[PDB]
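First comes the structure, then the notes that go with it.
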Amino acid sequence: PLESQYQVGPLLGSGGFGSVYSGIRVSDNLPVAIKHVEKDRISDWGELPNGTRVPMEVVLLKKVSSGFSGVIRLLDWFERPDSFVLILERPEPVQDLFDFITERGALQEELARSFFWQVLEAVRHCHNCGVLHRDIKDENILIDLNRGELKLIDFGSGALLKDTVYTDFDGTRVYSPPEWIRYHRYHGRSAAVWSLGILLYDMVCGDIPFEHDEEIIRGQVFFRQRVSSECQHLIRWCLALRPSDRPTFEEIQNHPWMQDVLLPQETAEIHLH
Ligand SMILES: O=C(Nc1c[nH]c2ncc(-c3ccccc3F)cc12)c1cnn2ccc(NC[C@H]3CCNC[C@@H]3F)nc12
């Protein structure tokens with residue numbers, strides 16, 4: 001460990017959140033991403049089964065990294081004097097959803113349907129594993145361009161899923177629900193559905209629906225691109241002001257706009273290749 005086990009490549013991206021390098025596992029040489037995070041920058045911590053002090057991100061990643069390909073899996077991790085190092089899967093070739101939408105503009109609804117469906121399946125997986133992502137957005141989704149498969153990343157703002165109120169939030173504000181803006185309170189699943197509404201709008205419109213707090217609070221959705229009545233309805237449902245008025249995940253996936261989704265590979269062949 002650890003420079004011995006991997007050859008570090010170019011820096012891929014950086015924030016106060018962390019620094020992520022492209023890497024190869026020597027002995028594979030499996031493509032990986034190497035994420036470094038300073039201990040001083042870590043807000044919430046968790047406990048490992050073996051009884052260890054560890055960043056919450058690691059706890060959450062472990063609970064979700066069991067082979068379902070909808071989430072980027074944690075392959076290994078290391079503690080260093082002033083930081084933790086995470087070894088993550090790296091698809092190749094890859095592009096995040098933010099850059100993809102930026103290049104292509106608003107997505108055709110057939111493509112948005114396929115992508116949105118996969119994100120839903122990924123989020124359902126997380127919730128099933130007792131994990132709430134809390135920062136669902138285009139920048140946090142990778143596209144395996146060859147397979148047409150979407151992968152969730154960055155559990156740095158996440159939490160253990162619970163049925164009681166959350167009173168903290170460190171995800172992206174423009175994706176945060178009106179109940180957070182107004183009361184500093186939200187529940188996990190209904191807040192997630194709100195962010196999914198924002199994500200879906202962004203996909204079919206090429207930009208997010210709200211920029212300011214008062215716009216989020218007002219909750220009026222204006223469409224800047226041509227979008228079918230069905231898709232508009234689903235979006236509006238997801239962005240209901242009252243959390244209890246939002247659809248469940250079952251209701252979203254049973255929505256008429258969500259029917260007859262393409263398989264990931266079909267999606268790649270038609271829209272990606
Ligand atoms: O798991 C994470 N990243 C990754 C795991 N596996 C990957 N493979 C390819 C890439 C990748 C992204 C963008 C361009 C080329 C790439 F090979 C990122 C990751 C991750 C978790 N938290 N986090 C926080 C920041 C960050 N930075 C990468 C960003 C670069 C700008 N686009 C959004 C990405 F998240 N990455 C992460």
Side-chain angles (χ1 to χ4, degrees), residues 60-61 64-73 88-89 91 94-102 104 106-129 131-145 147-158 161 171-172 174-177 188-209 227 230-231 234-239 246-268 270-272:
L60 305 176
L61 278 166
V64 306
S65 299
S66 69
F68 167 69
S69 59
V71 301
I72 286 288
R73 291 193 292 269
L88 302 145
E89 296 185 290
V94 68
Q95 183 180 40
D96 78 6
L97 186 54
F98 178 88
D99 289 345
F100 184 81
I101 293 166
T102 298
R104 191 172 295 236
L107 304 186
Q108 293 171 21
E109 291 193 20
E110 181 184 76
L111 179 55
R113 170 179 308 114
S114 174
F115 281 6
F116 193 60
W117 181 268
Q118 291 187 53
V119 174
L120 290 171
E121 292 287 323
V123 175
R124 284 183 60 202
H125 171 73
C126 293
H127 291 188
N128 266 97
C129 293
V131 174
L132 187 71
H133 186 284
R134 300 208 286 181
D135 196 25
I136 300 170
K137 59 176 180 176
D138 50 8
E139 294 175 279
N140 290 330
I141 293 152
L142 307 179
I143 304 162
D144 181 328
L145 296 168
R147 297 192 177 281
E149 300 172 3
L150 273 53
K151 296 180 168 301
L152 205 41
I153 64 167
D154 197 352
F155 288 81
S157 306
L161 180 60
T172 309
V174 289
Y175 284 75
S176 72
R189 309 195 188 248
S190 61
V193 169
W194 175 275
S195 69
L196 289 166
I198 305 289
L199 174 74
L200 178 51
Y201 181 98
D202 184 64
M203 293 203 288
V204 306
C205 284
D207 210 342
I208 53 171
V227 174
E230 305 280 40
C231 186
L234 180 52
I235 291 176
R236 284 185 169 113
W237 196 6
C238 287
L239 297 181
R246 296 169 203 156
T248 65
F249 287 85
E250 180 175 27
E251 285 176 311
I252 294 174
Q253 291 187 296
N254 283 331
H255 192 278
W257 184 78
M258 289 260 70
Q259 298 324 292
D260 302 312
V261 67
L262 293 178
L263 303 173
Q265 194 58 68
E266 285 175 340
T267 304
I270 295 167
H271 291 284
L272 266 23

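We use all heavy atoms of the structure for the numbers below, so side chains are in, but hydrogens, waters and symmetry mates are not. Heads up: numbering here begins at 1 and tracks the sequence.
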Under 3.5 Å: donor-acceptor pair, side chain of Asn140, backbone of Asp135: yes
Backbone of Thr248 reached by a side-chain donor or acceptor of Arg189 within 3.5 Å: no
Take a 6.0 Å sphere around [atom1] of [X] and say whether it holds more than 12 heavy atoms from other residues, nucleotides or ligands.
X: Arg147; atom1: CZ; result: no
X: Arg124; atom1: CZ; result: no
X: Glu230; atom1: CD; result: yes
X: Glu250; atom1: CD; result: no

Which atom names give the shortest non-hydrogen contact between [X] and [Y], and what distance separates them?
X: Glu139; Y: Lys137; result: OE1-NZ, 3.0 Å
X: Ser66; Y: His125; result: OG-CE1, 4.1 Å
X: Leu88; Y: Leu61; result: CD2-CD1, 4.1 Å
X: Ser65; Y: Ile72; result: OG-O, 4.3 Å
X: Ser157; Y: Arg134; result: O-NE, 2.8 Å
X: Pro247; Y: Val193; result: O-CG2, 3.5 Å

Salt bridge (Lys or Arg N to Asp or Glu O under 4.0 Å) contacts touching residues 192-208 (sequence neighbours left out): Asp207-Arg224
Taking C-beta and beyond as the side chain, do [X] and [Y] meet within less than 4.5 Å on heavy atoms?
X: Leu161; Y: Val131; answer: no
X: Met203; Y: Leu97; answer: yes
X: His133; Y: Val123; answer: no
X: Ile136; Y: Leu196; answer: yes
X: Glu89; Y: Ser69; answer: no
X: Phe155; Y: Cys126; answer: yes
X: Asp138; Y: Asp96; answer: no
X: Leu132; Y: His127; answer: yes

Rounded distance (nearest 0.5 Å) linking atom [atom1] of [X] with atom [atom2] of [Y]:
X: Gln265; Y: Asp144; atom1: CD; atom2: CG; answer: 9.0 Å
X: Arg246; Y: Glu251; atom1: CZ; atom2: CD; answer: 13.0 Å
X: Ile252; Y: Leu234; atom1: CD1; atom2: CG; answer: 6.0 Å
X: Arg236; Y: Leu200; atom1: CZ; atom2: CG; answer: 12.0 Å
X: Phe100; Y: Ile141; atom1: CZ; atom2: CD1; answer: 12.5 Å

Step-by-step side-chain contact (heavy atoms from CB on, under 4.5 Å) determination, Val64 to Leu152: CA-CA 11 Å; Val64 306; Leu152 205 41; over 6 Å; no
side-chain contact (heavy atoms from CB on, under 4.5 Å) between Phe249 and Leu120, worked out: CA-CA 7 Å; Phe249 287 85; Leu120 290 171; 4.0 Å; yes
N/O donor to acceptor pairs below 3.5 angstrom from side-chain atoms of residues 112-119, sequence neighbours left out:
unit_1, atom_1, unit_2, atom_2, d
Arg113, NE, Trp257, O, 2.6
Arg113, NH2, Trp257, O, 3.4
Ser114, OG, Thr267, OG1, 2.7
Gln118, OE1, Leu150, N, 2.9
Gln118, NE2, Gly148, O, 3.0

Side chain to side chain contact (heavy atoms under 4.5 Å, CB included) involving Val227 - partner list, sequence neighbours excluded: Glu109, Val204, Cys205, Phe223, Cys231, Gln232
side-chain contact (heavy atoms from CB on, under 4.5 Å) between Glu110 and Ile270, worked out: CA-CA 10 Å; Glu110 181 184 76; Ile270 295 167; 4.0 Å; yes
